[PDB]
Number of protein chains: 2
Amino acid sequence: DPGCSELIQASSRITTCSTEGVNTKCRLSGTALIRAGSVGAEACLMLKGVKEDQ
Amino acid sequence: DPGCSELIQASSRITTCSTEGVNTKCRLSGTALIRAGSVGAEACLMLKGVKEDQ
């Protein structure tokens with residue numbers, strides 16, 4: 001029953017990617033601010049690589 | 001002075017890509033329809049690879 005609630009997109013400043021032999025291996029380095037959920041909610045933070053399905 | 005006018009992106013159904021060492025080339029094999037430009041304008045077609053700079 002519990003699930004995501006606050007959905008925000010991460011910036012590209014703390015998100016980098018590099019493909020080596022058809023293999024999207026992204027790296028994450030930096031700080032990010034997100035709002036916490038209530039009782040039963042979640043503070044989800046999805047990641048967007050080089051494409052849409054990833 | 002005139003340049004690109006009707007600029008759209010190609011579909012991923014007839015456009016494939018592959019990475020072979022820092023150089024990610026893309027193939028083009030298919031048929032696509034686009035609106036023809038006016039007198040002087042161009043019918044440019046944007047091609048997106050695997051990232052944003054490509």
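- Its PDB header names cryo-EM as the technique used to obtain the model and reports a resolution of 13.3 Å.

**Section: the layout of surface pockets**
Phase 1: In this structure, the largest pocket spans a volume of roughly 870 Å³.
Phase 2: Every residue lining the largest pocket is counted, 31 residues in all, and those nearest its centre are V50, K51 and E52 of chain A together with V50 and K51 of chain B.
Phase 3: Broken down by secondary-structure element, the contributors of at least two residues to the lining of the largest pocket are β2 (15-16) of chain A together with β2 (15-19) of chain B.
Phase 4: No other element matches β2 of chain B, which puts five residues into the lining of the largest pocket.
Phase 5: Computed from the structure, the second largest pocket encloses a volume of approximately 180 Å³.
Phase 6: Lining the second largest pocket are 13 residues; nearest its centre among them are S18 and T19 of chain A together with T19, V22 and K51 of chain B.
Phase 7: Along the lines of polarity and charge, the residues of the lining of the second largest pocket split into four nonpolar, seven polar and two charged.

Rules used in this analysis
Residues numbered from 1 in each chain as written, not as in the entry; some residues may be left out. Chains lettered and ligands numbered in written order. Part of a larger assembly, values for the part shown. Heavy atoms only, no water. 1 Å grid on protein atoms, 1.4 Å probe; cavity = no way out; pocket = protein on both sides within 12 Å on 5 of 7 lines; lining within 4 Å. Points joined across faces, edges and corners; volume = space filled by probe spheres on them. Helix = DSSP H or I, 4+ residues; strand = E, 2+ residues; numbered from the N terminus. Nonpolar A, V, L, I, M, F, W, Y, C, P; charged D, E, K, R; others polar.

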